[PDB]
């Protein structure tokens, strides 16, 4: 007996509708309520059937790829906890969505960049030393996966499994930074830093920049693409639902409890950072967090024996 929560077929910066999850879950014994407006839009609400110890395995989404798809993407993080839950408790489950890949594109000039038939960016890096005009090509951050409850009206996080940062346009490494896992509620769950690309959204912040991933309590919408990339040629690479940041040349930050930082400038080699994961101090971590998801996130819940 288990319950498997998916994106219900949704992708991109916005989460699924009620009808998408109803369709996705028609063959299983899983019923959820999905809000249609406000900060809870796209978050799946599930009723705990019995008082028991449960395992809640959360899996964040991967970040997007950069200016070539011949690079590894930053995989989303797994966080596996056990929790005491009471019958009829309501769990709020946001399944993170993959950060958008920069390529391929519908635009003629951006596709030529994608297959290496347009060297404007390389030329700008050569003649000039930075990318100020031909911005774009970095991937969006992946959304984190959030599992939380309500306590006297205030949201309380249980599991947050971080999203991967987007790859920069010019990324050429297959290595990543270690997983950060927080478990102290006193540590503020803030957005990551935004620069040209968007920082990842955290758990609870105030987001003003269109390209920044929104924090969970703001509704966790993935960030828009960076303004210069839109202004120059419409290169739209967005973050995934769950707080992913938009991509510029640099990659967007992954969502999390604390969002991943994007580079302060538009460095075409600077990946977005992965977000920071979280486990409630009242849960128990079953095994170390690992980066494992190449696409969208997911949540698996079951009765926990032992």
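Positions refer to the first chain, counted from 1.
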>> If you average the CA temperature factors as listed in the entry, which stretch comes out higher, 283-291 or 21-29?
In response: 21-29
> Mean C-alpha B-factor higher for 48-56, or for 254-262?
Replying inline: 48-56
> So among 97, 184, 207, 217, who wins on Cα B-factor in the entry?
Replying inline: 184
> Based on what the PDB entry reports, which of 129, 224, 75, 180 has the top C-alpha B-factor?
Replying inline: 129
> Comparing residue 104 with the other modelled residues of its chain, is its CA B-factor in the lowest, middle or highest third?
Replying inline: highest
>> Quick check on the deposited entry: does the C-alpha B-factor of residue 67 sit in the lowest, middle or highest third of its chain?
In response: highest
>> Among the modelled residues of this chain, does the Cα B factor of residue 237 put it in the lowest, middle or highest third?
In response: middle
> residue 111: which third of its chain by C-alpha temperature factor?
Replying inline: highest
> Within this chain, which third does the Cα B-factor at residue 176 fall in: lowest, middle or highest?
Replying inline: highest
